[PDB]
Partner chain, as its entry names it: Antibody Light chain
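Let's start with one chain on its own, the form solved without the partner chain, as structure tokens.
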């Protein structure tokens, strides 16, 4: 009943230590929220986009650590808004494994510093809302130490953002989220 996608920031601003955290967070979530009726998908982004595993591919090999271990950082710019648009349109595409009727959950992991992207959030959020894609934002790096980046997470996250935005090293975020998913 749940299709869960991850949009992970692979741009250059993302320090290697932090990209690893992103992969460790994603792997743990998959292992924790592993429900017989829950599929996972992941796309990495910078200026270019990469679907590491579709819902179908996960359904064919539900081994989190196996799917996440080969993932290498793309580097480059940060086209977050475009990435969100591609996720809803490409990941939650039934030709990719997405199931009609299932709840749509997107976990966006970034440092909150969109750059180079020709699209603004205001261009991709309405469509996400329209597709009923619930958004969780996990902030890595200095995402919370800047006024700009802090608001970027709030802008991406569903309402209320305070209930949808977590720090990557708040190891208690997965249980809060999981607790929340019982209230879809």
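Positions refer to the first chain, counted from 1. Here, rigid core means the biggest group of C-alpha atoms that superpose within 1.5 Å across both forms.
Below, we refer to the form solved in complex with the partner chain, which is not included among the displayed structures.
Enquirer: When the contact criterion is heavy atoms within 4.5 Å, does residue 62 count as touching the partner chain in the entry with it bound?
Expert: It does not: once the partner chain is placed as it appears in the entry with it bound, residue 62 has no heavy atom within 4.5 Å of it.
Enquirer: So in the entry with it bound, does residue 47 come within 4.5 Å of the partner chain, heavy atom to heavy atom?
Expert: Heavy-atom contact with the partner chain at 4.5 Å: present for residue 47.
Enquirer: Are any of the heavy atoms in residue 137 no more than 4.5 Å from a heavy atom of the partner chain in the entry with it bound?
Expert: Looking in the entry with it bound, residue contacts with the partner chain do not include residue 137, since no heavy atom lies within 4.5 Å.
Enquirer: Although the partner isn't part of this model, could you tell me whether residue 156 comes within 4.5 Å of the partner chain in the entry with it bound, counting any heavy atom of the residue?
Expert: Residue-level check for residue 156: no, no contact with the partner chain.
Enquirer: With the partner left out here, if you bring back the partner chain in the entry with it bound, are 78, 116 and 143 all within 4.5 Å of it by some heavy atom?
Expert: Yes.
Enquirer: Identify which of 130, 159, 37, 148 has its C-alpha displaced by 2 Å or more between this form and the one not shown once the rigid core is superposed.
Expert: Single residue meeting the criterion: 148.
Enquirer: Relative to the form shown here, do the C-alpha atoms of residue 93 and residue 178 sit closer together or farther apart in the entry with it bound, given a change of 3 Å or more?
Expert: Compared with the shown chain, residue 93-residue 178 is farther in the entry with it bound.
Enquirer: Residue 170 to residue 110, Cα distance in the entry with it bound relative to here: closer or farther, by 3 Å or more?
Expert: Relative to this form, closer in the entry with it bound.
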